[PDB]
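Okay, structure first, notes after.
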Protein chains: 2
Amino acid sequence: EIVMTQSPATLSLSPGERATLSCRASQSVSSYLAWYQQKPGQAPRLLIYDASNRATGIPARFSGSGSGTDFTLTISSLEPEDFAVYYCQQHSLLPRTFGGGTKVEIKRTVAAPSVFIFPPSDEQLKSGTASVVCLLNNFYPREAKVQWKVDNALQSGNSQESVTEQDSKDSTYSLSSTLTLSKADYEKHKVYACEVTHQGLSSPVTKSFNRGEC
Amino acid sequence: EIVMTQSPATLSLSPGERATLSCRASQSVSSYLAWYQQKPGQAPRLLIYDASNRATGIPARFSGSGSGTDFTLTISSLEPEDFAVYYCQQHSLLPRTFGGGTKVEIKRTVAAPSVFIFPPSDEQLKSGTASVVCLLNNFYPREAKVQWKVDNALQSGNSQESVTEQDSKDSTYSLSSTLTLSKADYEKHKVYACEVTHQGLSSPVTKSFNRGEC
């Protein structure tokens, strides 16, 4: 059970020069591991098969080194179709541990989320529930906060968030914490504010409404 | 202190024939009392000075009889300018008791109030109070009810009503119970219904809204 530690946790790079990646082993694998291309929603694909040697139709730019503890994966000529979660994985020891995950993002600039809270529908009040949805939209990076305020009461646990993938078009993100409440706790209050703290935001943006306003 | 009891309390007559009125004494006044024409918002005017004899410019139609306990006042040729509160008043005994009041209305037909509840303003919520105003409008007669419902709670005492005079034009009426509440008791509820029961109404009409709807 040799722990494989990938030294870049994630990476963001606007498409360009060498974007070399790293994975370390807990022991001496000695050039007996492989590199992988798990694309989002896809089957993984072999990049490097034994610490180098550029497996079977890999285009021009995906060398790597190692031998035998801390291994490298050189993304030299970035080619932005290659934005995928990458994986070192030892093989010549059982059981066969994978790496951690090497989500390669894009580094445009830090942008502000266009924050949009949404009341639950009256159809949801016909369902006897209430889910307040606070948008974040068209921003960078994912490093955000949502602090729900229920007549200005800092609440969580009733709220499930939702992270879009990074867009191919504008490299942005979109969040939605979903403050799912009962209808009874919904009727107890009106001021439903959503304190959103993001780096592109200068302030913790509190997007609010009143129960029955919109 | 001879009690003067006017036998018609009020009267309603679409303009026409003899509209004779009555007042009774507790003792024998013996033709020593007078008839009066307190118009709305006006000074009273003498109609008959001693049980008959048609005082000093009274037009053609305002005779009366008596002598000496139960006296009459004949409005024979109605002339609808004469719609005023009328008064017997003894004089030849001290103290000089008046009658009860003889509001002469018009008898068009029984009509239904056009009922319109009104939320308090948010400016009233800026004042820290709340007064819910439920209209009645363009009806006949004044015999109406208002039953306030605060998330359907039959309330009163927080409500002051307001009776228009009978119109010269369409002989109608208009009411407004004013459910004056605190802002705190206002915020406790939404369903602000106004059960209006009138004769022109076939049903007890409950005009409602929700706090924050309109």
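Scheme for the structure tokens: letters A, B, ... for chains in order shown; per-chain residue numbers from 1; ligand numbers from 1 in order shown.
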Contacts of range 40-57 of chain A within 10 Å, only C-alpha atoms, excl. fewer than 6 positions in-chain, as JSON, numbers by chain
{"A": [29, 30, 31, 32, 33, 34, 63, 64, 65, 66, 67, 68, 71, 72, 73, 74, 83, 84, 85, 86, 87, 88, 89, 90, 91, 103, 165]}
Define the interface residues of chain A facing chain B as those within 10 Å, counting only C-alpha atoms, and report them as a PyMOL selection string.
chain A and resi 187-190+210-214
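CA of residue 112 in chain A to CA of residue 7 in chain A spans 28.8 Å [interatomic distance, one decimal].
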From a DSSP calculation on the backbone, collect every residue of chain B in strand (DSSP E) and output the set as a count of residues only.
72
Can you list, as a PyMOL selection string, every protein, DNA or RNA residue that comes within 12 Å of residue 110 in chain A when you count only C-alpha atoms, leaving out same-chain residues fewer than 6 positions away?
chain A and resi 12+138-144+170-173+198-202
Take the residues from that selection and put them in a file with N, CA and C atoms, as a PDB file, in the first residue's frame.
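Heads up, here's the output in out.pdb:
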ATOM      1  N   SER A  12      -3.634  25.428 -12.584  1.00  0.00           N
ATOM      2  CA  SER A  12      -4.339  26.293 -13.517  1.00  0.00           C
ATOM      3  C   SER A  12      -3.300  26.982 -14.379  1.00  0.00           C
ATOM      4  N   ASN A 138     -20.154  33.039 -13.490  1.00  0.00           N
ATOM      5  CA  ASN A 138     -19.173  33.702 -14.349  1.00  0.00           C
ATOM      6  C   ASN A 138     -18.058  34.353 -13.525  1.00  0.00           C
ATOM      7  N   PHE A 139     -17.281  33.484 -12.884  1.00  0.00           N
ATOM      8  CA  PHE A 139     -16.223  33.922 -11.990  1.00  0.00           C
ATOM      9  C   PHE A 139     -15.047  32.964 -12.064  1.00  0.00           C
ATOM     10  N   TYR A 140     -14.029  33.275 -11.263  1.00  0.00           N
ATOM     11  CA  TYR A 140     -12.778  32.547 -11.224  1.00  0.00           C
ATOM     12  C   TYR A 140     -12.039  32.981  -9.976  1.00  0.00           C
ATOM     13  N   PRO A 141     -11.445  32.062  -9.209  1.00  0.00           N
ATOM     14  CA  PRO A 141     -11.576  30.609  -9.307  1.00  0.00           C
ATOM     15  C   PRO A 141     -12.749  30.119  -8.481  1.00  0.00           C
ATOM     16  N   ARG A 142     -12.751  28.826  -8.154  1.00  0.00           N
ATOM     17  CA  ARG A 142     -13.819  28.223  -7.366  1.00  0.00           C
ATOM     18  C   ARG A 142     -13.806  28.631  -5.899  1.00  0.00           C
ATOM     19  N   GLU A 143     -12.802  29.375  -5.452  1.00  0.00           N
ATOM     20  CA  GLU A 143     -12.604  29.658  -4.034  1.00  0.00           C
ATOM     21  C   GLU A 143     -13.631  30.679  -3.571  1.00  0.00           C
ATOM     22  N   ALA A 144     -14.776  30.192  -3.101  1.00  0.00           N
ATOM     23  CA  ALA A 144     -15.887  31.061  -2.752  1.00  0.00           C
ATOM     24  C   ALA A 144     -16.476  30.633  -1.418  1.00  0.00           C
ATOM     25  N   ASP A 170     -15.353  30.581 -21.664  1.00  0.00           N
ATOM     26  CA  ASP A 170     -14.861  31.727 -20.916  1.00  0.00           C
ATOM     27  C   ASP A 170     -14.142  31.341 -19.634  1.00  0.00           C
ATOM     28  N   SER A 171     -13.927  30.040 -19.414  1.00  0.00           N
ATOM     29  CA  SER A 171     -13.119  29.491 -18.320  1.00  0.00           C
ATOM     30  C   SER A 171     -13.702  29.819 -16.952  1.00  0.00           C
ATOM     31  N   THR A 172     -15.002  30.060 -16.894  1.00  0.00           N
ATOM     32  CA  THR A 172     -15.617  30.574 -15.686  1.00  0.00           C
ATOM     33  C   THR A 172     -16.134  29.441 -14.811  1.00  0.00           C
ATOM     34  N   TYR A 173     -16.886  29.811 -13.780  1.00  0.00           N
ATOM     35  CA  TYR A 173     -17.515  28.864 -12.881  1.00  0.00           C
ATOM     36  C   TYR A 173     -18.897  29.382 -12.530  1.00  0.00           C
ATOM     37  N   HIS A 198     -16.197  35.962  -2.269  1.00  0.00           N
ATOM     38  CA  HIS A 198     -15.340  35.444  -3.323  1.00  0.00           C
ATOM     39  C   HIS A 198     -14.211  36.438  -3.565  1.00  0.00           C
ATOM     40  N   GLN A 199     -13.118  35.940  -4.152  1.00  0.00           N
ATOM     41  CA  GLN A 199     -11.935  36.764  -4.389  1.00  0.00           C
ATOM     42  C   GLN A 199     -12.183  37.842  -5.431  1.00  0.00           C
ATOM     43  N   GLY A 200     -12.911  37.516  -6.501  1.00  0.00           N
ATOM     44  CA  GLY A 200     -13.326  38.520  -7.462  1.00  0.00           C
ATOM     45  C   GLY A 200     -14.273  39.548  -6.890  1.00  0.00           C
ATOM     46  N   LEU A 201     -15.009  39.191  -5.843  1.00  0.00           N
ATOM     47  CA  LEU A 201     -15.820  40.145  -5.107  1.00  0.00           C
ATOM     48  C   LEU A 201     -14.921  40.983  -4.214  1.00  0.00           C
ATOM     49  N   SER A 202     -15.150  42.293  -4.210  1.00  0.00           N
ATOM     50  CA  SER A 202     -14.439  43.147  -3.268  1.00  0.00           C
ATOM     51  C   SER A 202     -14.976  42.978  -1.855  1.00  0.00           C
TER      52      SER A 202
END
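Separating CA of residue 98 in chain A from CA of residue 24 in chain A is a distance of 11.2 Å.
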Might you pull out every residue within 6 Å of residue 134 in chain B, with only C-alpha atoms counted and same-chain residues fewer than 3 positions away left off, and present them as a VMD selection string?
chain B and resid 116 to 118 176 to 177
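Between CA of residue 209 in chain A and CA of residue 192 in chain A there is a distance of 5.5 Å.
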Exercise: residue 206 in chain A partners within 12 Å, only C-alpha atoms, chain neighbours under 6 positions left out, as a PDB file with N, CA and C atoms, in the first residue's frame:
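In the end it all went to result37.pdb:
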ATOM      1  N   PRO A 113     -18.288  36.662  -9.085  1.00  0.00           N
ATOM      2  CA  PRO A 113     -19.557  35.990  -9.373  1.00  0.00           C
ATOM      3  C   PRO A 113     -20.714  36.966  -9.440  1.00  0.00           C
ATOM      4  N   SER A 114     -21.499  36.843 -10.502  1.00  0.00           N
ATOM      5  CA  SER A 114     -22.774  37.541 -10.582  1.00  0.00           C
ATOM      6  C   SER A 114     -23.753  36.755  -9.720  1.00  0.00           C
ATOM      7  N   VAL A 115     -24.060  37.298  -8.547  1.00  0.00           N
ATOM      8  CA  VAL A 115     -24.769  36.575  -7.500  1.00  0.00           C
ATOM      9  C   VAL A 115     -26.262  36.836  -7.637  1.00  0.00           C
ATOM     10  N   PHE A 116     -27.052  35.764  -7.653  1.00  0.00           N
ATOM     11  CA  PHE A 116     -28.496  35.869  -7.836  1.00  0.00           C
ATOM     12  C   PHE A 116     -29.185  34.897  -6.897  1.00  0.00           C
ATOM     13  N   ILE A 117     -29.758  35.404  -5.847  1.00  0.00           N
ATOM     14  CA  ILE A 117     -30.554  34.543  -4.989  1.00  0.00           C
ATOM     15  C   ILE A 117     -31.914  34.373  -5.652  1.00  0.00           C
ATOM     16  N   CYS A 134     -29.148  30.452  -4.300  1.00  0.00           N
ATOM     17  CA  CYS A 134     -28.314  31.637  -4.429  1.00  0.00           C
ATOM     18  C   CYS A 134     -27.274  31.387  -5.503  1.00  0.00           C
ATOM     19  N   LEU A 135     -27.368  32.116  -6.609  1.00  0.00           N
ATOM     20  CA  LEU A 135     -26.397  31.888  -7.662  1.00  0.00           C
ATOM     21  C   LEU A 135     -25.036  32.459  -7.321  1.00  0.00           C
ATOM     22  N   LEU A 136     -24.041  31.830  -7.910  1.00  0.00           N
ATOM     23  CA  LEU A 136     -22.801  32.467  -8.289  1.00  0.00           C
ATOM     24  C   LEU A 136     -22.629  32.110  -9.749  1.00  0.00           C
ATOM     25  N   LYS A 145     -17.387  31.462  -0.915  1.00  0.00           N
ATOM     26  CA  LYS A 145     -18.144  31.168   0.291  1.00  0.00           C
ATOM     27  C   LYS A 145     -19.597  31.533   0.060  1.00  0.00           C
ATOM     28  N   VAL A 146     -20.488  30.855   0.773  1.00  0.00           N
ATOM     29  CA  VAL A 146     -21.892  31.235   0.872  1.00  0.00           C
ATOM     30  C   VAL A 146     -22.279  31.180   2.339  1.00  0.00           C
ATOM     31  N   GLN A 147     -22.756  32.299   2.866  1.00  0.00           N
ATOM     32  CA  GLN A 147     -23.255  32.356   4.231  1.00  0.00           C
ATOM     33  C   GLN A 147     -24.715  32.768   4.171  1.00  0.00           C
ATOM     34  N   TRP A 148     -25.597  31.796   4.362  1.00  0.00           N
ATOM     35  CA  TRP A 148     -27.026  32.039   4.329  1.00  0.00           C
ATOM     36  C   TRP A 148     -27.458  32.865   5.524  1.00  0.00           C
ATOM     37  N   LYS A 149     -28.440  33.734   5.308  1.00  0.00           N
ATOM     38  CA  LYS A 149     -28.945  34.600   6.364  1.00  0.00           C
ATOM     39  C   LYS A 149     -30.463  34.611   6.317  1.00  0.00           C
ATOM     40  N   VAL A 150     -31.077  34.126   7.393  1.00  0.00           N
ATOM     41  CA  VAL A 150     -32.511  33.860   7.482  1.00  0.00           C
ATOM     42  C   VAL A 150     -33.056  34.805   8.546  1.00  0.00           C
ATOM     43  N   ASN A 152     -31.322  37.415   8.725  1.00  0.00           N
ATOM     44  CA  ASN A 152     -29.921  37.568   9.127  1.00  0.00           C
ATOM     45  C   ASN A 152     -29.536  36.596  10.246  1.00  0.00           C
ATOM     46  N   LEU A 154     -26.935  33.303  10.405  1.00  0.00           N
ATOM     47  CA  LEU A 154     -25.904  32.562   9.679  1.00  0.00           C
ATOM     48  C   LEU A 154     -26.175  31.070   9.794  1.00  0.00           C
ATOM     49  N   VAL A 191     -36.372  37.901   5.547  1.00  0.00           N
ATOM     50  CA  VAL A 191     -35.125  38.425   4.994  1.00  0.00           C
ATOM     51  C   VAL A 191     -34.190  37.251   4.735  1.00  0.00           C
ATOM     52  N   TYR A 192     -34.082  36.866   3.476  1.00  0.00           N
ATOM     53  CA  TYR A 192     -33.344  35.677   3.086  1.00  0.00           C
ATOM     54  C   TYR A 192     -32.121  36.163   2.332  1.00  0.00           C
ATOM     55  N   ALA A 193     -31.065  36.459   3.076  1.00  0.00           N
ATOM     56  CA  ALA A 193     -29.847  37.008   2.508  1.00  0.00           C
ATOM     57  C   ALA A 193     -28.808  35.914   2.328  1.00  0.00           C
ATOM     58  N   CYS A 194     -27.945  36.114   1.339  1.00  0.00           N
ATOM     59  CA  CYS A 194     -26.961  35.119   0.926  1.00  0.00           C
ATOM     60  C   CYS A 194     -25.602  35.796   0.864  1.00  0.00           C
ATOM     61  N   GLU A 195     -24.870  35.757   1.972  1.00  0.00           N
ATOM     62  CA  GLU A 195     -23.561  36.390   2.027  1.00  0.00           C
ATOM     63  C   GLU A 195     -22.555  35.558   1.245  1.00  0.00           C
ATOM     64  N   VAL A 196     -22.194  36.046   0.064  1.00  0.00           N
ATOM     65  CA  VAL A 196     -21.266  35.370  -0.830  1.00  0.00           C
ATOM     66  C   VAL A 196     -19.925  36.074  -0.737  1.00  0.00           C
ATOM     67  N   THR A 197     -18.892  35.332  -0.354  1.00  0.00           N
ATOM     68  CA  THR A 197     -17.539  35.860  -0.246  1.00  0.00           C
ATOM     69  C   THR A 197     -16.680  35.181  -1.305  1.00  0.00           C
ATOM     70  N   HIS A 198     -16.197  35.962  -2.269  1.00  0.00           N
ATOM     71  CA  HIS A 198     -15.340  35.444  -3.323  1.00  0.00           C
ATOM     72  C   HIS A 198     -14.211  36.438  -3.565  1.00  0.00           C
TER      73      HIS A 198
END
